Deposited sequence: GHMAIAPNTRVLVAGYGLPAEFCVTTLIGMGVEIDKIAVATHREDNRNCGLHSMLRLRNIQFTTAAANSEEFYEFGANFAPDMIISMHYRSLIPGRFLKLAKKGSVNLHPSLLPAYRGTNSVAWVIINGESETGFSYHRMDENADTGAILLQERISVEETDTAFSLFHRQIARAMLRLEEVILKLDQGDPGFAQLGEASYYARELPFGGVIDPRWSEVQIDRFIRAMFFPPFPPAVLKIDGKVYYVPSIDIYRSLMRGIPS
């Protein structure tokens, strides 16, 4: 058991947050001991919103760097913060409010593939394995101590889509354990190894270079496959079948 009267602030977006909140409830964290910071209701985030509305769980949508956000966290007074696909950098002074600190879910084997488009870049780079890292948040992104990593094999048929979704599902499976690590004060271990970082641009502008081998082309196609976004171009190429 998590302590009674442990206060938990979830900063999150979409299913992972919904699942976290659900998990917290099954662990016996009462509604008034839960608060959610999120973003406006949208096509990914309206399962979370409808839950918060139905159950009357307190929440904010205010920007991470705003006084209203800080005020929301300060009034709540969290013991721990759980970032579950939160889409902004959380300022240091906000994290400071949580005496038992925090955790974020990142869909790579950190410090490898920090940043954005991680599942795309892993496919493009031809990785045989990737994974997910639950790590403490310090004031920079994805640099804080590792509480839990798990390895996920990348299949030859995986797409950005397939791998993104398996990342979520498998990560949820460890979430209860990680909350319990945070509760017990587990310090985790500092990130060691070859860091890498990727930004918000898809490479080659989403465009196939025909001098690439069949192996580079297929990778790119599979890394670009993510409905409803447009696929790789040559014209619209969602599979290596079509490429031929």
Handout entry: Stretches with no C-alpha atoms in the model, relative to the deposited sequence starting at 1
Key = 1-3, 238-243, 254-261
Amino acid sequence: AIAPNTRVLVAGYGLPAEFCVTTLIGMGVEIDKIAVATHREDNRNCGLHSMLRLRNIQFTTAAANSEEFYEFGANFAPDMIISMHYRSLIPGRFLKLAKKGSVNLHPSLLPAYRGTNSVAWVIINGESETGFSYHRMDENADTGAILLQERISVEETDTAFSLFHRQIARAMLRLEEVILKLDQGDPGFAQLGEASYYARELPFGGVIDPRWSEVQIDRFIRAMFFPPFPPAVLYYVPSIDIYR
From here on, numbers count along this sequence of modelled residues.
Fill in the blank from the handout: Taking the deposited Cα B-factors and averaging over 113-121 and over 93-101, the higher mean is found in 113-121
Handout entry: Segment of higher mean CA temperature factor, 126-134 or 158-166
Key = 126-134
Completion exercise
Reading the B-factor column for Cα atoms of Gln58, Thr38, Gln184, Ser66, the highest value belongs to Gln184
Completion exercise
Among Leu192, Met27, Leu52, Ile34, the highest C-alpha B-factor in the PDB entry belongs to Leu192
Practice task
Would you please rank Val178 by its C-alpha temperature factor against the other modelled residues of its chain and give the third it falls in: lowest, middle or highest?
Solution key: middle
Practice task
Would you check the entry's CA temperature factor for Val233 and let me know if it's in the chain's lowest, middle or highest third?
Solution key: highest
Problem - Ranked against its chain, the third holding the CA B-factor of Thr143 - result: middle
